[PDB]
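Asker: To be precise about what I am sending: the file is called data-v1.json and holds JSON, C-alpha atoms and all ligand atoms.
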[["chain", "number", "residue", "atom", "x", "y", "z"],
["S", 1, "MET", "CA", 71.56, 187.09, 73.57],
["S", 2, "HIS", "CA", 74.98, 188.80, 73.56],
["S", 3, "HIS", "CA", 75.54, 192.15, 71.84],
["S", 4, "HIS", "CA", 79.11, 193.28, 72.46],
["S", 5, "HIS", "CA", 78.30, 196.94, 71.81],
["S", 6, "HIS", "CA", 75.50, 197.07, 74.40],
["S", 7, "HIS", "CA", 77.73, 195.52, 77.03],
["S", 8, "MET", "CA", 80.67, 197.85, 76.34],
["S", 9, "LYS", "CA", 78.42, 200.92, 76.19],
["S", 10, "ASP", "CA", 76.99, 200.10, 79.61],
["S", 11, "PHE", "CA", 80.41, 199.65, 81.20],
["S", 12, "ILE", "CA", 81.67, 202.88, 79.69],
["S", 13, "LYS", "CA", 78.58, 204.76, 80.91],
["S", 14, "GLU", "CA", 79.45, 203.61, 84.43],
["S", 15, "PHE", "CA", 82.88, 205.20, 84.08],
["S", 16, "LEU", "CA", 81.48, 208.46, 82.70],
["S", 17, "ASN", "CA", 78.78, 208.53, 85.36],
["S", 18, "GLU", "CA", 81.39, 209.45, 87.99],
["S", 19, "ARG", "CA", 82.59, 212.36, 85.86],
["S", 20, "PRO", "CA", 81.23, 215.79, 84.84],
["S", 21, "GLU", "CA", 78.59, 215.67, 82.15],
["S", 22, "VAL", "CA", 79.57, 215.81, 78.48],
["S", 23, "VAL", "CA", 77.87, 216.82, 75.25],
["S", 24, "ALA", "CA", 78.81, 213.60, 73.42],
["S", 25, "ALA", "CA", 80.97, 210.56, 74.06],
["S", 26, "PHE", "CA", 82.52, 207.86, 71.93],
["S", 27, "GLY", "CA", 84.56, 204.69, 72.34],
["S", 28, "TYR", "CA", 87.22, 203.70, 69.83],
["S", 29, "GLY", "CA", 90.45, 201.79, 69.42],
["S", 30, "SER", "CA", 91.67, 198.34, 70.41],
["S", 31, "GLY", "CA", 89.97, 198.30, 73.78],
["S", 32, "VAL", "CA", 86.52, 198.65, 72.18],
["S", 33, "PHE", "CA", 86.83, 197.04, 68.72],
["S", 34, "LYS", "CA", 88.93, 193.89, 68.44],
["S", 35, "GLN", "CA", 92.18, 193.90, 66.51],
["S", 36, "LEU", "CA", 94.19, 191.08, 64.99],
["S", 37, "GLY", "CA", 97.72, 190.55, 66.11],
["S", 38, "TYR", "CA", 97.36, 191.06, 69.84],
["S", 39, "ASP", "CA", 98.49, 188.22, 71.96],
["S", 40, "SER", "CA", 95.46, 187.18, 73.98],
["S", 41, "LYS", "CA", 95.81, 188.29, 77.65],
["S", 42, "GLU", "CA", 97.22, 191.78, 76.86],
["S", 43, "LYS", "CA", 94.65, 194.15, 78.50],
["S", 44, "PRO", "CA", 94.76, 197.19, 76.21],
["S", 45, "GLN", "CA", 93.39, 200.53, 77.32],
["S", 46, "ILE", "CA", 89.79, 201.56, 76.72],
["S", 47, "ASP", "CA", 90.10, 204.67, 74.53],
["S", 48, "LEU", "CA", 87.37, 207.33, 74.71],
["S", 49, "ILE", "CA", 86.77, 210.76, 73.19],
["S", 50, "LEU", "CA", 84.48, 213.16, 75.06],
["S", 51, "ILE", "CA", 83.08, 216.39, 73.62],
["S", 52, "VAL", "CA", 82.50, 219.15, 76.19],
["S", 53, "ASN", "CA", 81.20, 222.72, 76.14],
["S", 54, "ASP", "CA", 84.05, 224.34, 78.13],
["S", 55, "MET", "CA", 87.45, 222.63, 78.44],
["S", 56, "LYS", "CA", 88.66, 224.67, 81.43],
["S", 57, "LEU", "CA", 85.52, 224.16, 83.50],
["S", 58, "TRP", "CA", 85.00, 220.47, 82.70],
["S", 59, "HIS", "CA", 88.53, 219.79, 83.94],
["S", 60, "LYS", "CA", 88.19, 222.11, 86.93],
["S", 61, "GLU", "CA", 85.05, 220.31, 88.07],
["S", 62, "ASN", "CA", 86.62, 216.86, 87.49],
["S", 63, "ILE", "CA", 89.75, 217.82, 89.43],
["S", 64, "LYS", "CA", 87.50, 218.17, 92.49],
["S", 65, "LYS", "CA", 85.42, 215.02, 91.87],
["S", 66, "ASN", "CA", 88.18, 212.67, 90.62],
["S", 67, "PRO", "CA", 91.56, 214.16, 91.59],
["S", 68, "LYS", "CA", 93.33, 210.86, 90.93],
["S", 69, "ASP", "CA", 92.61, 211.25, 87.18],
["S", 70, "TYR", "CA", 95.56, 213.67, 87.16],
["S", 71, "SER", "CA", 99.26, 213.86, 88.06],
["S", 72, "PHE", "CA", 100.45, 216.78, 90.19],
["S", 73, "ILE", "CA", 101.89, 218.45, 87.06],
["S", 74, "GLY", "CA", 98.59, 217.96, 85.30],
["S", 75, "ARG", "CA", 96.30, 219.67, 87.80],
["S", 76, "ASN", "CA", 98.46, 222.79, 87.66],
["S", 77, "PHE", "CA", 98.58, 222.48, 83.89],
["S", 78, "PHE", "CA", 94.77, 222.54, 83.63],
["S", 79, "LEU", "CA", 94.13, 225.25, 86.21],
["S", 80, "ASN", "CA", 97.03, 227.65, 85.43],
["S", 81, "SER", "CA", 97.99, 227.53, 81.74],
["S", 82, "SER", "CA", 96.23, 229.47, 79.00],
["S", 83, "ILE", "CA", 93.42, 227.79, 77.11],
["S", 84, "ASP", "CA", 95.50, 228.23, 73.96],
["S", 85, "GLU", "CA", 98.35, 226.14, 75.38],
["S", 86, "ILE", "CA", 95.92, 223.52, 76.72],
["S", 87, "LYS", "CA", 94.04, 223.08, 73.44],
["S", 88, "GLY", "CA", 97.26, 223.12, 71.44],
["S", 89, "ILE", "CA", 96.97, 222.43, 67.74],
["S", 90, "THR", "CA", 94.76, 219.32, 68.01],
["S", 91, "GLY", "CA", 92.22, 220.69, 70.46],
["S", 92, "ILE", "CA", 92.21, 217.51, 72.55],
["S", 93, "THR", "CA", 93.81, 216.58, 75.90],
["S", 94, "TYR", "CA", 94.40, 213.05, 77.16],
["S", 95, "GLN", "CA", 94.24, 211.48, 80.60],
["S", 96, "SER", "CA", 95.74, 207.98, 80.43],
["S", 97, "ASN", "CA", 96.12, 204.92, 82.66],
["S", 98, "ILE", "CA", 93.02, 205.87, 84.64],
["S", 99, "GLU", "CA", 92.03, 202.76, 86.62],
["S", 100, "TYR", "CA", 88.36, 201.79, 87.02],
["S", 101, "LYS", "CA", 87.02, 198.34, 87.91],
["S", 102, "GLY", "CA", 90.01, 196.28, 86.85],
["S", 103, "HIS", "CA", 90.39, 198.13, 83.55],
["S", 104, "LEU", "CA", 92.48, 201.01, 82.25],
["S", 105, "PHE", "CA", 90.73, 203.98, 80.61],
["S", 106, "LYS", "CA", 92.28, 206.72, 78.47],
["S", 107, "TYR", "CA", 89.97, 209.58, 77.52],
["S", 108, "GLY", "CA", 90.38, 212.73, 75.47],
["S", 109, "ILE", "CA", 88.50, 215.99, 75.99],
["S", 110, "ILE", "CA", 87.76, 218.35, 73.09],
["S", 111, "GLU", "CA", 85.55, 221.41, 73.01],
["S", 112, "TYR", "CA", 82.46, 221.26, 70.81],
["S", 113, "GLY", "CA", 83.67, 224.06, 68.58],
["S", 114, "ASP", "CA", 87.13, 222.72, 67.88],
["S", 115, "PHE", "CA", 85.44, 219.40, 67.07],
["S", 116, "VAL", "CA", 83.13, 221.07, 64.55],
["S", 117, "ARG", "CA", 85.88, 223.14, 62.92],
["S", 118, "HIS", "CA", 88.31, 220.24, 62.65],
["S", 119, "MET", "CA", 85.72, 217.79, 61.29],
["S", 120, "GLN", "CA", 84.43, 220.21, 58.67],
["S", 121, "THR", "CA", 87.60, 221.95, 57.51],
["S", 122, "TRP", "CA", 90.41, 219.48, 58.36],
["S", 123, "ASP", "CA", 92.58, 222.38, 59.54],
["S", 124, "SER", "CA", 93.60, 219.75, 62.09],
["S", 125, "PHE", "CA", 93.41, 216.07, 61.17],
["S", 126, "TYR", "CA", 94.16, 214.36, 64.48],
["S", 127, "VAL", "CA", 90.62, 213.83, 65.74],
["S", 128, "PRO", "CA", 88.84, 213.58, 62.35],
["S", 129, "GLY", "CA", 91.23, 210.82, 61.37],
["S", 130, "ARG", "CA", 90.29, 208.78, 64.42],
["S", 131, "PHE", "CA", 86.62, 209.14, 63.46],
["S", 132, "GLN", "CA", 87.34, 207.40, 60.15],
["S", 133, "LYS", "CA", 87.72, 204.09, 62.00],
["S", 134, "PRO", "CA", 84.97, 202.22, 63.90],
["S", 135, "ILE", "CA", 83.26, 204.37, 66.52],
["S", 136, "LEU", "CA", 81.13, 203.13, 69.38],
["S", 137, "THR", "CA", 78.53, 205.81, 70.02],
["S", 138, "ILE", "CA", 77.74, 206.34, 73.72],
["S", 139, "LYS", "CA", 75.97, 209.72, 73.51],
["S", 140, "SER", "CA", 75.46, 211.75, 70.33],
["S", 141, "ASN", "CA", 72.87, 213.73, 68.37],
["S", 142, "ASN", "CA", 71.74, 214.15, 64.75],
["S", 143, "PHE", "CA", 74.10, 217.07, 64.14],
["S", 144, "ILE", "CA", 77.23, 215.29, 65.38],
["S", 145, "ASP", "CA", 76.25, 212.10, 63.53],
["S", 146, "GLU", "CA", 76.06, 214.17, 60.35],
["S", 147, "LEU", "CA", 79.51, 215.57, 61.07],
["S", 148, "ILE", "CA", 80.78, 212.01, 61.44],
["S", 149, "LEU", "CA", 79.20, 210.99, 58.12],
["S", 150, "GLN", "CA", 80.52, 213.95, 56.08],
["S", 151, "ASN", "CA", 83.99, 213.30, 57.50],
["S", 152, "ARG", "CA", 83.78, 209.68, 56.35],
["S", 153, "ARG", "CA", 82.46, 210.76, 52.93],
["S", 154, "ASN", "CA", 85.41, 213.09, 52.43],
["S", 155, "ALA", "CA", 87.78, 210.39, 53.69],
["S", 156, "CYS", "CA", 86.28, 208.11, 51.09],
["S", 157, "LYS", "CA", 86.77, 210.65, 48.29],
["S", 158, "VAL", "CA", 90.42, 210.89, 49.30],
["S", 159, "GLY", "CA", 90.65, 207.10, 49.48],
["S", 160, "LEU", "CA", 89.31, 206.68, 45.93],
["S", 161, "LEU", "CA", 91.69, 209.36, 44.68],
["S", 162, "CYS", "CA", 94.77, 207.55, 46.03],
["S", 163, "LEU", "CA", 93.77, 204.01, 45.08],
["S", 164, "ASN", "CA", 95.79, 202.36, 42.32],
["S", 165, "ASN", "CA", 93.97, 199.03, 42.03],
["S", 166, "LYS", "CA", 90.16, 198.95, 42.00],
["S", 167, "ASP", "CA", 90.00, 196.57, 44.99],
["S", 168, "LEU", "CA", 87.61, 197.03, 47.93],
["S", 169, "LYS", "CA", 89.88, 195.83, 50.77],
["S", 170, "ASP", "CA", 92.56, 198.25, 49.55],
["S", 171, "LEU", "CA", 90.16, 201.18, 49.61],
["S", 172, "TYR", "CA", 89.46, 200.34, 53.26],
["S", 173, "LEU", "CA", 93.22, 200.15, 53.92],
["S", 174, "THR", "CA", 93.92, 203.41, 52.07],
["S", 175, "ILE", "CA", 91.23, 205.20, 54.08],
["S", 176, "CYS", "CA", 92.24, 203.71, 57.40],
["S", 177, "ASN", "CA", 95.81, 204.84, 56.66],
["S", 178, "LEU", "CA", 95.22, 208.59, 56.09],
["S", 179, "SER", "CA", 95.79, 209.46, 59.76],
["S", 180, "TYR", "CA", 98.68, 206.98, 60.12],
["S", 181, "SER", "CA", 100.87, 208.30, 57.30],
["S", 182, "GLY", "CA", 103.62, 210.26, 59.02],
["S", 183, "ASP", "CA", 102.57, 209.35, 62.58],
["S", 184, "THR", "CA", 105.62, 209.72, 64.81],
["S", 185, "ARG", "CA", 104.59, 207.33, 67.63],
["S", 186, "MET", "CA", 104.39, 204.16, 65.47],
["S", 187, "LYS", "CA", 107.56, 202.16, 64.87],
["S", 188, "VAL", "CA", 108.23, 201.77, 61.15],
["S", 189, "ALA", "CA", 107.72, 198.00, 61.11],
["S", 190, "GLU", "CA", 104.33, 197.97, 62.79],
["S", 191, "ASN", "CA", 102.78, 200.89, 60.85],
["S", 192, "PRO", "CA", 101.45, 198.80, 57.90],
["S", 193, "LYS", "CA", 100.47, 195.90, 60.15],
["S", 194, "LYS", "CA", 98.43, 198.17, 62.43],
["S", 195, "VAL", "CA", 96.24, 199.27, 59.53],
["S", 196, "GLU", "CA", 95.81, 195.70, 58.27],
["S", 197, "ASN", "CA", 95.02, 194.48, 61.78],
["S", 198, "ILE", "CA", 92.27, 197.08, 62.12],
["S", 199, "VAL", "CA", 90.57, 196.47, 58.78],
["S", 200, "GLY", "CA", 91.04, 192.72, 59.01],
["S", 201, "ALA", "CA", 89.10, 192.50, 62.26],
["S", 202, "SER", "CA", 86.38, 195.10, 61.56],
["S", 203, "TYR", "CA", 85.67, 194.55, 57.86],
["S", 204, "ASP", "CA", 81.95, 194.51, 58.61],
["S", 205, "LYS", "CA", 82.05, 197.89, 60.36],
["S", 206, "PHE", "CA", 83.97, 199.31, 57.40],
["S", 207, "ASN", "CA", 81.28, 197.93, 55.09],
["S", 208, "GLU", "CA", 78.64, 199.99, 56.88],
["S", 209, "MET", "CA", 80.75, 203.13, 57.40],
["S", 210, "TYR", "CA", 81.76, 203.71, 53.75],
["S", 211, "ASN", "CA", 78.48, 202.59, 52.12],
["S", 212, "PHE", "CA", 78.33, 205.54, 49.68],
["S", 213, "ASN", "CA", 77.09, 204.25, 46.35],
["S", 214, "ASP", "CA", 77.19, 207.72, 44.77],
["S", 215, "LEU", "CA", 80.99, 207.72, 45.03],
["S", 216, "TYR", "CA", 81.93, 204.12, 44.27],
["S", 217, "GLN", "CA", 80.02, 200.88, 43.66],
["S", 218, "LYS", "CA", 80.81, 197.42, 45.10],
["S", 219, "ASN", "CA", 80.88, 194.28, 42.90],
["S", 220, "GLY", "CA", 82.06, 191.52, 45.19],
["S", 221, "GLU", "CA", 85.67, 192.38, 46.06],
["S", 222, "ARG", "CA", 86.35, 194.99, 43.33],
["S", 223, "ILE", "CA", 84.84, 198.46, 42.89],
["S", 224, "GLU", "CA", 83.91, 200.81, 40.07],
["S", 225, "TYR", "CA", 84.09, 204.58, 40.44],
["S", 226, "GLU", "CA", 85.11, 207.76, 38.71],
["S", 227, "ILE", "CA", 87.33, 210.10, 40.71],
["S", 228, "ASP", "CA", 85.37, 212.99, 42.22],
["S", 229, "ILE", "CA", 87.07, 215.34, 44.70],
["S", 230, "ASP", "CA", 85.45, 218.62, 43.70],
["S", 231, "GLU", "CA", 84.18, 219.43, 47.22],
["S", 232, "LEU", "CA", 86.69, 218.68, 50.00],
["S", 233, "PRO", "CA", 87.20, 220.20, 53.46],
["S", 234, "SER", "CA", 88.23, 223.82, 53.18],
["S", 235, "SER", "CA", 91.82, 223.77, 54.51],
["S", 236, "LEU", "CA", 92.91, 220.78, 52.39],
["S", 237, "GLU", "CA", 90.97, 222.13, 49.42],
["S", 238, "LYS", "CA", 92.76, 225.46, 49.88],
["S", 239, "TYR", "CA", 96.08, 223.64, 50.09],
["S", 240, "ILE", "CA", 95.69, 221.77, 46.81],
["S", 241, "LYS", "CA", 94.03, 224.35, 44.56],
["S", 242, "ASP", "CA", 96.96, 224.55, 42.10],
["S", 243, "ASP", "CA", 98.04, 220.87, 42.29],
["S", 244, "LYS", "CA", 94.99, 218.63, 42.78],
["S", 245, "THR", "CA", 96.77, 215.26, 42.84],
["S", 246, "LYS", "CA", 97.11, 212.35, 45.27],
["S", 247, "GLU", "CA", 100.70, 213.37, 46.05],
["S", 248, "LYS", "CA", 99.76, 216.86, 47.28],
["S", 249, "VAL", "CA", 96.84, 215.53, 49.31],
["S", 250, "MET", "CA", 99.13, 213.04, 51.07],
["S", 251, "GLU", "CA", 101.67, 215.82, 51.57],
["S", 252, "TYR", "CA", 99.14, 217.90, 53.52],
["S", 253, "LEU", "CA", 97.78, 214.99, 55.55],
["S", 254, "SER", "CA", 101.06, 213.33, 56.53],
["S", 255, "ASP", "CA", 102.61, 216.71, 57.33],
["S", 256, "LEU", "CA", 99.75, 217.26, 59.73],
["S", 257, "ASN", "CA", 99.96, 213.74, 61.12],
["S", 258, "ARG", "CA", 103.68, 214.18, 61.79],
["S", 259, "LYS", "CA", 103.42, 217.57, 63.42],
["S", 260, "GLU", "CA", 100.31, 216.76, 65.46],
["S", 261, "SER", "CA", 101.36, 213.34, 66.78],
["S", 262, "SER", "CA", 104.62, 214.91, 67.95],
["S", 263, "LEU", "CA", 102.97, 217.87, 69.68],
["S", 264, "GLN", "CA", 100.37, 215.52, 71.10],
["S", 265, "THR", "CA", 103.02, 213.27, 72.65],
["S", 266, "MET", "CA", 104.75, 216.28, 74.25],
["S", 267, "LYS", "CA", 101.49, 217.68, 75.65],
["S", 268, "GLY", "CA", 100.80, 214.22, 77.08],
["S", 269, "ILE", "CA", 103.57, 214.39, 79.68],
["S", 270, "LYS", "CA", 102.42, 217.88, 80.68],
["S", 271, "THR", "CA", 99.06, 216.25, 81.49],
["S", 272, "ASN", "CA", 99.86, 212.45, 82.00],
["Y", 1, "LIG", "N1", 97.59, 207.94, 63.83],
["Y", 1, "LIG", "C1", 96.51, 207.34, 64.28],
["Y", 1, "LIG", "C2", 96.53, 206.60, 65.46],
["Y", 1, "LIG", "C3", 95.35, 206.02, 65.91],
["Y", 1, "LIG", "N2", 94.18, 206.19, 65.22],
["Y", 1, "LIG", "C4", 92.93, 205.50, 65.58],
["Y", 1, "LIG", "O1", 92.64, 205.73, 66.94],
["Y", 1, "LIG", "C5", 92.80, 204.61, 67.75],
["Y", 1, "LIG", "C6", 94.00, 205.02, 68.54],
["Y", 1, "LIG", "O2", 94.08, 204.36, 69.75],
["Y", 1, "LIG", "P1", 95.55, 203.88, 70.09],
["Y", 1, "LIG", "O3", 95.51, 203.50, 71.54],
["Y", 1, "LIG", "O4", 96.59, 204.82, 69.62],
["Y", 1, "LIG", "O5", 95.76, 202.61, 69.16],
["Y", 1, "LIG", "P2", 95.22, 201.17, 69.63],
["Y", 1, "LIG", "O6", 94.68, 200.68, 68.32],
["Y", 1, "LIG", "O7", 94.24, 201.21, 70.81],
["Y", 1, "LIG", "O8", 96.53, 200.38, 70.05],
["Y", 1, "LIG", "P3", 96.98, 200.27, 71.58],
["Y", 1, "LIG", "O9", 96.72, 198.87, 72.09],
["Y", 1, "LIG", "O10", 98.46, 200.53, 71.57],
["Y", 1, "LIG", "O11", 96.25, 201.24, 72.46],
["Y", 1, "LIG", "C7", 93.22, 203.50, 66.83],
["Y", 1, "LIG", "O12", 92.47, 202.35, 67.09],
["Y", 1, "LIG", "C8", 93.06, 204.02, 65.41],
["Y", 1, "LIG", "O13", 91.85, 203.58, 64.89],
["Y", 1, "LIG", "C9", 94.21, 206.79, 64.00],
["Y", 1, "LIG", "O14", 93.22, 206.71, 63.27],
["Y", 1, "LIG", "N3", 95.34, 207.46, 63.58],
["Y", 2, "BR", "BR", 81.47, 221.39, 79.79],
["Y", 3, "BR", "BR", 98.38, 219.65, 70.64],
["Y", 4, "MG", "MG", 94.43, 202.50, 72.77]]
Could you write out this structure as structure tokens?
Ligand SMILES: Nc1ccn([C@@H]2O[C@H](COP(=O)(O)OP(=O)(O)OP(=O)(O)O)[C@@H](O)[C@H]2O)c(=O)n1
Ligand SMILES: [Br-]
Ligand SMILES: [Br-]
Ligand SMILES: [Mg+2]
Answerer:
Amino acid sequence: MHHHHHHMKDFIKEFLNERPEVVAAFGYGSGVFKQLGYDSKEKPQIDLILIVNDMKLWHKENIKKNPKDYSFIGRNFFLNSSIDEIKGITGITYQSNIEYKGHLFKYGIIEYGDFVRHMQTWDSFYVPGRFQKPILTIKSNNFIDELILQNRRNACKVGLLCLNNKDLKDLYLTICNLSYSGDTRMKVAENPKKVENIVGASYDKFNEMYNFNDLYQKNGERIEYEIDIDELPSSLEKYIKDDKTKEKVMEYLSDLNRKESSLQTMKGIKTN
């Protein structure tokens, strides 16, 4: 009689319905999927990721329909600066603390093509890492769903490679951690607790997401697998060709997580 995901999806569609159309749309994060370790009563932001055809024109059209989605700085940023500066290295731009119906929304915009390239090749890891956690689908298609699956499969290969103990919960934690290693906006103390608080409260969703019995098999709480990383996304595979170990894979990923979270936090003031 109550399906959380139908009720959230409807509310989010209301928000999007005042905004220029998108190719696909997804909810994620603590405003969409519960997390342990929040004090009740904390009203976290509803985090969304929207895929568009043309970054410049989606924003231009939304600056006329919803000008209050943007600071003064930010409108000039989106209308004046080069597309290369706007996309930056992650390809995604964030509007935060957007108020709608007693809630706060924070959405990111990414062009279709940058989404495809990043998901397939991991030349950037910022967005593909977020798609390794629970995703509420609002609007998608077969092709994008298959991108999402391959990205999880390759995350799972990397997870199995890094794992020391053959324990299921720790595979889920290792996977969920890939995009958090090296993140510059997470205080040191809370970094391990954030990952635990996500997996702890969405264990079911993780069960569905990483249900790949050709890579590893579940026996209660432990798993059996043989390491297989022979096909990985092209930029990480290129990076590791002479040193295919867990250490070099984590080197690549956390280097990207450090550089990208830092650039993403700078771009965020230029666009509020
Ligand atoms: N380095 C990071 C940071 C975040 N994410 C994912 O993307 C969402 C990021 O939303 P964010 O608002 O940063 O984290 P929240 O979990 O929503 O915490 P908060 O209440 O502070 O918004 C997270 O849920 C997490 O799954 C990630 O995978 N890698
Ligand atoms: Br568009
Ligand atoms: Br960037
Ligand atoms: Mg959030």
Asker: With all atoms listed in the file as the basis for distance, which of S:139, S:157, S:169, S:270 is at the shortest distance from residue 25 (chain S)?
Answerer: S:139
Asker: To check your reading of the model: which residues sit at most 7 Å from ligand BR 2 (chain Y) when counting only C-alpha atoms and all ligand atoms? Write the answer as number ranges by chain.
Answerer: S: 21-22, 52-55, 57-58
Asker: Just want the residues within 6 Å of ligand LIG 1 (chain Y), written as a CSV table (one decimal) with C-alpha atoms, in the coordinates of the input, counting only C-alpha atoms and all ligand atoms.
Answerer:
chain,number,residue,atom,x,y,z
S,29,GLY,CA,90.4,201.8,69.4
S,30,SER,CA,91.7,198.3,70.4
S,31,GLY,CA,90.0,198.3,73.8
S,44,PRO,CA,94.8,197.2,76.2
S,45,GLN,CA,93.4,200.5,77.3
S,129,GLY,CA,91.2,210.8,61.4
S,130,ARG,CA,90.3,208.8,64.4
S,133,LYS,CA,87.7,204.1,62.0
S,179,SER,CA,95.8,209.5,59.8
S,180,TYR,CA,98.7,207.0,60.1
S,183,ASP,CA,102.6,209.4,62.6
Asker: Find the residues near ligand MG 4 (chain Y). Use a cut-off of 12 Å, count only C-alpha atoms and all ligand atoms, and write them as a ChimeraX atom specification.
Answerer: /S:27-35,42-49,94-97,104-108,130,194
Asker: Mind writing the picked residues with C-alpha atoms as an mmCIF file, in the frame of the given file?
Answerer:
data_model
loop_
_atom_site.group_PDB
_atom_site.id
_atom_site.type_symbol
_atom_site.label_atom_id
_atom_site.label_comp_id
_atom_site.auth_asym_id
_atom_site.auth_seq_id
_atom_site.Cartn_x
_atom_site.Cartn_y
_atom_site.Cartn_z
ATOM 1 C CA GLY S 27 84.560 204.690 72.340
ATOM 2 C CA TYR S 28 87.220 203.700 69.830
ATOM 3 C CA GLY S 29 90.450 201.790 69.420
ATOM 4 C CA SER S 30 91.670 198.340 70.410
ATOM 5 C CA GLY S 31 89.970 198.300 73.780
ATOM 6 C CA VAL S 32 86.520 198.650 72.180
ATOM 7 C CA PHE S 33 86.830 197.040 68.720
ATOM 8 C CA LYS S 34 88.930 193.890 68.440
ATOM 9 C CA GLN S 35 92.180 193.900 66.510
ATOM 10 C CA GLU S 42 97.220 191.780 76.860
ATOM 11 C CA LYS S 43 94.650 194.150 78.500
ATOM 12 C CA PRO S 44 94.760 197.190 76.210
ATOM 13 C CA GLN S 45 93.390 200.530 77.320
ATOM 14 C CA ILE S 46 89.790 201.560 76.720
ATOM 15 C CA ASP S 47 90.100 204.670 74.530
ATOM 16 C CA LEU S 48 87.370 207.330 74.710
ATOM 17 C CA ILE S 49 86.770 210.760 73.190
ATOM 18 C CA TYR S 94 94.400 213.050 77.160
ATOM 19 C CA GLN S 95 94.240 211.480 80.600
ATOM 20 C CA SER S 96 95.740 207.980 80.430
ATOM 21 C CA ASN S 97 96.120 204.920 82.660
ATOM 22 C CA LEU S 104 92.480 201.010 82.250
ATOM 23 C CA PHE S 105 90.730 203.980 80.610
ATOM 24 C CA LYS S 106 92.280 206.720 78.470
ATOM 25 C CA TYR S 107 89.970 209.580 77.520
ATOM 26 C CA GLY S 108 90.380 212.730 75.470
ATOM 27 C CA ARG S 130 90.290 208.780 64.420
ATOM 28 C CA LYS S 194 98.430 198.170 62.430
#
Asker: Taking only C-alpha atoms and all ligand atoms into account, which residues have an atom no farther than 6 Å from ligand BR 3 (chain Y)? I'd like them as a ChimeraX atom specification.
Answerer: /S:88-90,263-264
Asker: For residue 205 (chain S), work out the shell of residues within 9 Å, counting all atoms listed in the file and skipping chain neighbours fewer than 5 positions away, then give it as a list in words.
Answerer: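 My reading of the contact set: residues 133, 134, 199 and 210 of chain S.
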Asker: Name all residues at most 10 Å from residue 212 (chain S) (count all atoms listed in the file; drop same-chain ones fewer than 4 positions away) and give them as an MDAnalysis selection string.
Answerer: chainID S and resid 152:153 156:157 207:208 216:218
Asker: Generate the output file for the selected residues, C-alpha atoms, as a CSV table (one decimal), in the coordinates of the input.
Answerer:
chain,number,residue,atom,x,y,z
S,152,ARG,CA,83.8,209.7,56.4
S,153,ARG,CA,82.5,210.8,52.9
S,156,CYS,CA,86.3,208.1,51.1
S,157,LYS,CA,86.8,210.6,48.3
S,207,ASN,CA,81.3,197.9,55.1
S,208,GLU,CA,78.6,200.0,56.9
S,216,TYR,CA,81.9,204.1,44.3
S,217,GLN,CA,80.0,200.9,43.7
S,218,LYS,CA,80.8,197.4,45.1
Asker: Keeping C-alpha atoms (and nothing else), can you write region 114-142 of chain S of this structure as a short mmCIF file (atom, residue, chain, number, x, y, z; two decimals), in the first residue's frame?
Answerer:
data_model
loop_
_atom_site.label_atom_id
_atom_site.label_comp_id
_atom_site.auth_asym_id
_atom_site.auth_seq_id
_atom_site.Cartn_x
_atom_site.Cartn_y
_atom_site.Cartn_z
CA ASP S 114 30.29 12.83 -21.50
CA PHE S 115 28.06 10.41 -19.57
CA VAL S 116 28.68 7.65 -22.11
CA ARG S 117 32.44 8.24 -22.32
CA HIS S 118 32.91 8.43 -18.57
CA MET S 119 30.79 5.35 -17.82
CA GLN S 120 32.50 3.22 -20.44
CA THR S 121 36.12 4.32 -20.17
CA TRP S 122 36.42 5.74 -16.62
CA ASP S 123 38.57 8.58 -17.95
CA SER S 124 36.62 10.46 -15.30
CA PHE S 125 35.31 8.61 -12.25
CA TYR S 126 33.16 11.23 -10.54
CA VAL S 127 29.78 10.37 -12.04
CA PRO S 128 30.37 6.62 -12.64
CA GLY S 129 31.29 6.25 -9.00
CA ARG S 130 27.98 7.72 -7.90
CA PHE S 131 26.18 5.22 -10.13
CA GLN S 132 27.74 2.37 -8.14
CA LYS S 133 25.43 3.16 -5.22
CA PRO S 134 21.61 2.85 -5.19
CA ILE S 135 19.96 4.76 -8.03
CA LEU S 136 16.31 5.71 -8.24
CA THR S 137 15.40 5.68 -11.92
CA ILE S 138 13.01 8.48 -12.95
CA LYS S 139 13.48 8.36 -16.73
CA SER S 140 15.87 6.04 -18.59
CA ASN S 141 16.12 3.69 -21.57
CA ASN S 142 17.60 0.26 -22.37
#
